[PDB]
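Protein chains in written order, with the authors' numbering: chain U, 4 to 734; chain L, 20 to 60; chain G, 1 to 35; chain D, 35 to 98; chain E, 318 to 482; chain S, 530 to 603; chain Y, 678 to 751; chain X, 2 to 81; chain R, 1 to 31; chain P, 34 to 127. The beta-carbon is built from N, C-alpha and C at its ideal position, and this holds for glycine as well. Written below as structure tokens is the structure these notes are about.
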Amino acid sequence: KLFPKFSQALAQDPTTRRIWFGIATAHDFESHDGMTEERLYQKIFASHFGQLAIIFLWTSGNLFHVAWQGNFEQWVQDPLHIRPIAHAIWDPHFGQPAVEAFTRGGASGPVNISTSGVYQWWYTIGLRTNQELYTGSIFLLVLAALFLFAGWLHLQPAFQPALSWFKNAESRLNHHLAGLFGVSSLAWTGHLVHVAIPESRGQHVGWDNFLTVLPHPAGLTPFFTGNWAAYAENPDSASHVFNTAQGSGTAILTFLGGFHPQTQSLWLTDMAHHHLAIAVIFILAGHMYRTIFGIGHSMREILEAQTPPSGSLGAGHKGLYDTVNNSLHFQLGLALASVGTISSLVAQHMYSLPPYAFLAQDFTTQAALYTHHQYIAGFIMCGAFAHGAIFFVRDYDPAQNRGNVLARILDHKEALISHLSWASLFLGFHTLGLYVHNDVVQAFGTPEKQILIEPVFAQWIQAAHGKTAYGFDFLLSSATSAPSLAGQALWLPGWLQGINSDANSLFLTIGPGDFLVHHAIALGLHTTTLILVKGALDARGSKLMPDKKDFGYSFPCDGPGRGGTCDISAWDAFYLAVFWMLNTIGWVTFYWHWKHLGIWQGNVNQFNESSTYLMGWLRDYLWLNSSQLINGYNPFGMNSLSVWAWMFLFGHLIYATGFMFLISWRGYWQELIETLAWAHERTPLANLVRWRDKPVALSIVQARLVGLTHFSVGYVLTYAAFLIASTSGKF
Amino acid sequence: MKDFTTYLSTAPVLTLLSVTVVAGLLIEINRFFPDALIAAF
Amino acid sequence: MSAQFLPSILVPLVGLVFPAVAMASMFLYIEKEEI
Amino acid sequence: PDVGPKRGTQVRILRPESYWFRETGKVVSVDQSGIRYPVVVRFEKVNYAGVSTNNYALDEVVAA
Amino acid sequence: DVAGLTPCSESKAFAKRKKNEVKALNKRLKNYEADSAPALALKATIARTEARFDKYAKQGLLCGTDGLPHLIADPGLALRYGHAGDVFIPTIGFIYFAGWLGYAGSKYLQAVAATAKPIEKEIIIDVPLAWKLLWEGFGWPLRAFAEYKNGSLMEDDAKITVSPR
Amino acid sequence: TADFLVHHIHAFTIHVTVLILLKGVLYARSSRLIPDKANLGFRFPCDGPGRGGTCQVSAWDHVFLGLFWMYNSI
Amino acid sequence: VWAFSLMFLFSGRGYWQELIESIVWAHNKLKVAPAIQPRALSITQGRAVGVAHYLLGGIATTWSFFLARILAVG
Amino acid sequence: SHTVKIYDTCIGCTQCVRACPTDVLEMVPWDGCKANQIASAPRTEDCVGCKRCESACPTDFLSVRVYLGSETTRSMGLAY
Amino acid sequence: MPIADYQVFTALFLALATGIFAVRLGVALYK
Amino acid sequence: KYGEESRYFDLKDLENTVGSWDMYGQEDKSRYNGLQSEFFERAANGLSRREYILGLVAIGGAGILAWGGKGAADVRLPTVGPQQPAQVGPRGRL
Ligand code: CLA
Ligand code: CLA
Ligand code: CLA
Ligand code: CLA
Ligand code: CLA
Ligand code: CLA
Ligand SMILES: CC1=C(/C=C/C(C)=C/C=CC(/C)=C/C=C/C=C(C)/C=C/C=C(C)/C=C/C2=C(C)CCCC2(C)C)C(C)(C)CCC1
Ligand code: SF4
Ligand code: SF4
Ligand code: SF4
């Protein structure tokens, strides 16, 4: 009974809880016995190395499985008539019909059809054979081993970095902006110019011959002479065929804009040019902060100088540099917020602007990627706000931030929470009212009485980008406008050709249904933010619990006194916000999937007419697209969709199981377990066997965590199964 | 009589009577002026 | 796929041998009294 | 003579801990002994525990 | 035309929708007598449907590709193209009535707050006072603006209780 | 076979509902966790977060859970 | 309604009490705070509301489904 | 083993002592209140964490606070 | 040109070495 | 316990006041035949050590791998058997 090596108090627990809490608090290094700041930072650094090695191993495994049991080589020849293979299937429980049903893409046996889009990405970056994939997997394997050795090395006393080294924010930002971001982008540009671009033109360029192949006919001379325009002489023709030399070109840094007519994706030359410009800008930005060369900036002085007069912002940003550098939770919250927003941006840009060849034609992959990134973004956003609350309850110092932006924003937290609640109430009241009004008028057979508000603002913005479907004739919609003439011979031709076409997702047509669903999304975001912000601002204390900060970030409650204090900690606020985040992401993914489902089948009228009322959402989307999924296996037989049907029921079961931990609380189970213990201690033969840990019911916080985990797992599994089965059984 | 009028002035009685009056007024407005999608003045 | 026999050996090793060994070791370690 | 405000005088609470922080109450009585919180203040706003009276120090109340 | 929308008067889908609804009603009517109660009810429904469609087409509403009326929620855009009665005028009407009810409630609460027993006045409403305040709430815009410019419509932040941060 | 399966499902649900209601009735007065549960009354939220947690320990809470199980069974 | 019940079944009284505190501050800022101090529903009342809404929603859903199906094919 | 603390805001009403179900608090002489007595927690090892003492404290804020910490066989209320 | 059996064996051996490095890092982190 | 009357507590016999009874245990060394007992204790001679008994369990682990690489194919498991034709898919795919 001493497993929690990091917690002596937990080791003394004689119940099973000791094991439970021994695993849920293993990564909270700040709360471990005999923990200092230097050891904390060093442990985090080594953990980062381990995580990097894990990521490298995961990528290497994906590459190895695609090169060993996939059909990448066959898919290259026919990227539109062959389903990518993820990996093989070796399940002893499979029956003969199951083994025969899972054999698809010309495989020797049962396999899994890929849905992550790695085939399109690897095909777009220049990979063509299985040997290249195997080489990449081996290289990533060696890289992972190298990172593991680095993590072990930096844990030794001779290579242990000091705490001050971790606080050197200027040096770290300089190296990350100029090297981690700029140099990496420049190297990617080099790869695209040397491999991706030549490979897309039917010319193979590998390690064995990249030194004898010219990326451009006029090698390096125009670059050093300044005649950079010579690198965009003749781009790929509009009738170019990917992976071949018909209608090719010699340019390597173009800016046509739009999509490739055959692959329906962005031009490789455009992406190379983008990465080159990004690398230059990032390197320049990296040469900003002061290190040891007498030049640069001091973030502390910049923050102390950002104090507007008249005292509108109080002391301004005085002491913020130390508030961010000293607190790890503040940095983690900022990083999580930024990463989540970038994940959402990635999801929103990969479907409207496909970057990989033959990716827009893969309806299953596009939907899966969008949903995956949106769910990841939601979880990361919840984590960002949770860590912000942790910062307020564990690293915030009122004396060090007296009068700055933090103290002032905390001084009027009531106004913030009140306005968030008002916005949420308004959005909910009106969105639900309009939807119910439309449902009632639809039921009574009077669709003409529907309240269909035209999204004139979004349509106006779309017209500003070149869409002429709304008759606005604004900026890019007018050929004689200044912005239209400025880029007339640059990127506007392709951009307009792609935005005015209904065959792609570049700014889709919107109507009243989009208006209502967008307001529903605004509702979800506002309520989730309200819960998270209320929990972070009230983490230190409220009127019901003035000394909440003395009890930590997470605790069961404060007893039934003072009327009751159930779910009063900041952890509980994050817990309640996870449900809202799941609901918001569900609404977003439902909207995206239904709109694209109607677009792929050439029937936008279905969504344009059935999305204005909830019955259309439940009947024309959920019930209509669930026929093939629930038919994966039936008393007549089974097909390749049986795995998705089983996963569908599996998710439903996990979700319902979580409902138990969510509704039932600790009290009933404690008495039940006591009765069970009495039964075991009085049953003959079984008396010879004793328990090492006293069985007890799950903790209140532990129960909430288990219920939330079950709810989230069931939610994700159910939607993933439905999404893949619905978009895969049709296309 | 005073106690009866005081009981009629309680929150539940007044709430139900007010809701009934508002609902009746709205129902008659829709009965005499039906299908009012916009404010056509 | 090359070496078709490998999955038939690796799948039971990762799903039957490795989990049993890991669970036994973890159970023996979380109840050692003196680690 | 007597320390603190006289009985029946409106005072404002200065203790952020108190449920009636920044709120006014009536001084019921003031103890004339070396007591940490001798000012008894009654309120018309019951707290979460249903209490309407509390004890405060001489520096935790402001007249009017 | 505002955002590629066609007026319901010249919309073919709108006319087809009206024709289909009337056709369904007549099909249901064919299974009854000529002067029976169900026949009269169905005829009344048909008349109401025709009147509704005619009014929507005459009011100048905009119809989309689906043939259903669409509302323009944007000042200027709705004012210059004659669609102010879609959201603008209803917004003004709502704001007025909502402010009327809110101001009446605020005045009643502030008036009974000075009574020796306000909680009872809250559970047992004063009908005459509530009626007078409801009538006075019709001039809520003027009263609210006067109170705002007077400074009596707000409470000092130093007099409102707040959490211990 | 389907009738056999559904009948056993019915028996299982009825048994669980009976277990919840009977447990609440039998432990409404006292229990090993709370020896003076009768003093707290019949309808109380809990007995604080001590002893790991006493949430929904009263008889009223047992009825509250029995309602859900009865709904499932019916 | 059924889904609505979940709000009252997975939540606690402390969160709603603090949210009500902020809303009360907003009301006090405009001199429209009521004397009958708004308080969050008690733990027992929260459970009762959640169970009542859960059963009402589920039973009404089954009622509508059963009646529509039997009246359309019966 | 929870942490029970008593603050000088106590008025010596002895309600928390009477509400304790495991006899953890007691009244000792004091001179900071009119009652001339303060509450104390000499037997915190027997505290279960029911927080009944806090529900009985009439001072605002509470004069007696319980901070749940390491769980033991007694604090968990286990009879087996 | 599908990958041969020897390539799979070499990859598995390299993975074994990587796993050894990983377990060493884990042991160092435990300390 | 000295329960000669109504006293169920005794410090001098605290062992009996806590219910520490075997209830069903009975010591008896006359039962298993000597010839059969010797055979079994002889068969399980060195198998009484943790390392050695775990070795027997390790054999089961080898049998698991042996089944996958040989036993599964000998029982004609569907996963180790062959496959017949295939399908095209929803649209013009594979
Ligand atoms: C040029 C010098 C240099 C470089 C290259 C790095 C590089 C790195 N450092 Mg380091 N560091 C440096 C100098 C440098 N550092 C100095 C001087 C100091 C002392 C002041 C530090 C102190 C330091 C600390 C304390 C830590 C690091 C860490 C890291 C790693 C960051 C985590 C990661 O791998 O994500 C990779 C990040 C990127 C690739 C850039 C992100 C770009 C965006 C967000 C992604 C989107 C781009 C694109 C769209 C993706 C498409 C790809 C898709 C097709 C798959 C990373 C490899 C962390 C670590 O993990 O430890 C191992 C860490 O803890 N550094
Ligand atoms: C860079 C990302 C990152 C990092 C470094 C951290 C780091 C940390 N977090 Mg944090 N967090 C993050 C993101 C991150 N978080 C995100 C995205 C969320 C939103 C979900 C959260 C929400 C969160 C909360 C609420 C809390 C922390 C806490 C902590 C601290 C302790 C964590 C711990 O105890 O480990 C323990 C690790 C675990 C217990 C693993 C959890 C088990 C998972 C959830 C179950 C997964 C099951 C699996 C999916 C099932 C598969 C299905 C299949 C079987 C069918 C720690 C410093 C805690 C803290 O700060 O203490 C005060 C705390 O309470 N985090
Ligand atoms: C379908 C289920 C459901 C519904 C409808 C809601 C609704 C709401 N939640 Mg909630 N929530 C839910 C599930 C749900 N939640 C779940 C499962 C969880 C996890 C436990 C949460 C956790 C949660 C938190 C933590 C918070 C909310 C908040 C809110 C409110 C946000 C304000 C708003 O949107 O205005 C719109 C209002 C509505 C949509 C309610 C409908 C209005 C009704 C229908 C009108 C009444 C008409 C009629 C007279 C009905 C009476 C009939 C009767 C007399 C017989 C809102 C009332 C936040 C809040 O309180 O905001 C301030 C808040 O902080 N929720
Ligand atoms: C015709 C059907 C209809 C119905 C049934 C409702 C019903 C409702 N509306 Mg609504 N509304 C409608 C049409 C409708 N509205 C239209 C056509 C518009 C124009 C777009 C609005 C704009 C609107 C707004 C801006 C708000 C509502 C709000 C509300 C809710 C409370 C309203 C109220 O007066 O409470 C009782 C009254 C009070 C408690 C005090 C008075 C509060 C009012 C709203 C303030 C008016 C004066 C103020 C200075 C106006 C400035 C607002 C500012 C944002 C510019 C309620 C459920 C409110 C809400 O959503 O709650 C969060 C809200 O603020 N509605
Ligand atoms: C679908 C969700 C779900 C599930 C699966 C359960 C399951 C269970 N509940 Mg429960 N309950 C739920 C929802 C759920 N509940 C909700 C929402 C509430 C709130 C009202 C409650 C409230 C509640 C109460 C109050 C009680 C229960 C009780 C029980 C247990 C009864 C014993 C039994 O059924 O035997 C067997 C278990 C099952 C049939 C569950 C499925 C297990 C499968 C069939 C076995 C699979 C084996 C596994 C896959 C192999 C291992 C694989 C490896 C990877 C681990 C049982 C485990 C009662 C109890 O404690 O037991 C007496 C009890 O009193 N529940
Ligand atoms: C994280 C990446 C990853 C993942 C998720 C998988 C997943 C899978 N592999 Mg695979 N593998 C990987 C990497 C990965 N592999 C790498 C890099 C190699 C090159 C050596 C291989 C070589 C390989 C072979 C030869 C075979 C599989 C097979 C399989 C399947 C059955 C698992 C098994 O028993 O084989 C065992 C897997 C190994 C012996 C090597 C995997 C070692 C990885 C890198 C460990 C990663 C641990 C992770 C980072 C830490 C997470 C913590 C977790 C352990 C709790 C399964 C779907 C079998 C199959 O094809 O099924 C039909 C099969 O025979 N893999
Ligand atoms: C609580 C807390 C925390 C956390 C927080 C968070 C989580 C935040 C966030 C947030 C977010 C999540 C945000 C976002 C954002 C965004 C923005 C701010 C933007 C913008 C804009 C602009 C400026 C743009 C412009 C443009 C361009 C550029 C071009 C095109 C057009 C347009 C207009 C689009 C911390 C720790 C820190 C502190 C303490 C506590
Ligand atoms: S019901 Fe549970 S969470 Fe709520 S106050 Fe009681 S012990 Fe705490
Ligand atoms: S929490 Fe319970 S056991 Fe502990 S001191 Fe308070 S009343 Fe006594
Ligand atoms: S209940 Fe509070 S005031 Fe009364 S004796 Fe205990 S600590 Fe002091």
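For residue i, is the classification buried or exposed, using 16 other Cβ atoms within 10 angstroms of its Cβ as the cut-off for buried?
i: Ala56 (chain U); result: buried
i: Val90 (chain P); result: exposed
i: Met1 (chain R); result: exposed
i: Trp740 (chain Y); result: exposed
i: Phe13 (chain R); result: exposed
i: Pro515 (chain U); result: buried
To the nearest whole angstrom, what separates the beta carbons of residue i and residue j, a pair I think is in contact under 8 angstroms?
i: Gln334 (chain U); j: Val327 (chain U); result: 6 angstroms
i: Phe734 (chain U); j: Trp603 (chain U); result: 7 angstroms
i: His278 (chain U); j: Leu195 (chain U); result: 7 angstroms
i: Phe162 (chain U); j: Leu156 (chain U); result: 5 angstroms
i: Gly261 (chain U); j: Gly497 (chain U); result: 3 angstroms
i: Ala147 (chain U); j: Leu66 (chain U); result: Actually they are not in contact, since the Cβ atoms of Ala147 (chain U) and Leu66 (chain U) sit about 12 angstroms apart, beyond 8 angstroms.
i: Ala728 (chain U); j: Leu600 (chain U); result: Contact flag wrong, Cβ pair sits at about 13 angstroms.
What residues in its chain sit with their C-beta under 6 angstroms from that of residue i, if we drop five residues either side in the sequence?
i: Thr310 (chain U); result: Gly319
To which residues of the same chain is residue i closer than 8 angstroms at the C-beta, ignoring the five residues directly before and after it?
i: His655 (chain U); result: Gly717 and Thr721
i: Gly734 (chain Y); result: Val678, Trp679, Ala680, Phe681 and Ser682
CA-CA distance, residue i and residue j?
i: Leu342 (chain E); j: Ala354 (chain E); result: 15 angstroms
i: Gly469 (chain U); j: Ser326 (chain E); result: 29 angstroms
i: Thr531 (chain U); j: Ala580 (chain U); result: 5 angstroms
i: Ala525 (chain U); j: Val65 (chain X); result: 45 angstroms
i: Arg40 (chain P); j: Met56 (chain P); result: 21 angstroms
i: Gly723 (chain Y); j: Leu732 (chain Y); result: 14 angstroms
i: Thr28 (chain U); j: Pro698 (chain U); result: 20 angstroms
i: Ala165 (chain U); j: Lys566 (chain S); result: 57 angstroms
i: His390 (chain U); j: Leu535 (chain U); result: 10 angstroms
Please go through the same chain and pick out, in chain order, the residues whose beta-carbon is closer than 7 angstroms to the beta-carbon of residue i, but skip the five residues on each side of it.
i: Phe105 (chain U); result: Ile92, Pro113, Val114 and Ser643
>> Does the segment 408 to 427 of chain E come into contact with the segment 478 to 495 of chain U, if we say contact requires no fewer than three beta-carbon pairs (one atom in each stretch) closer than 8 angstroms?
In response: Result no; under three Cβ-Cβ pairs closer than 8 angstroms.
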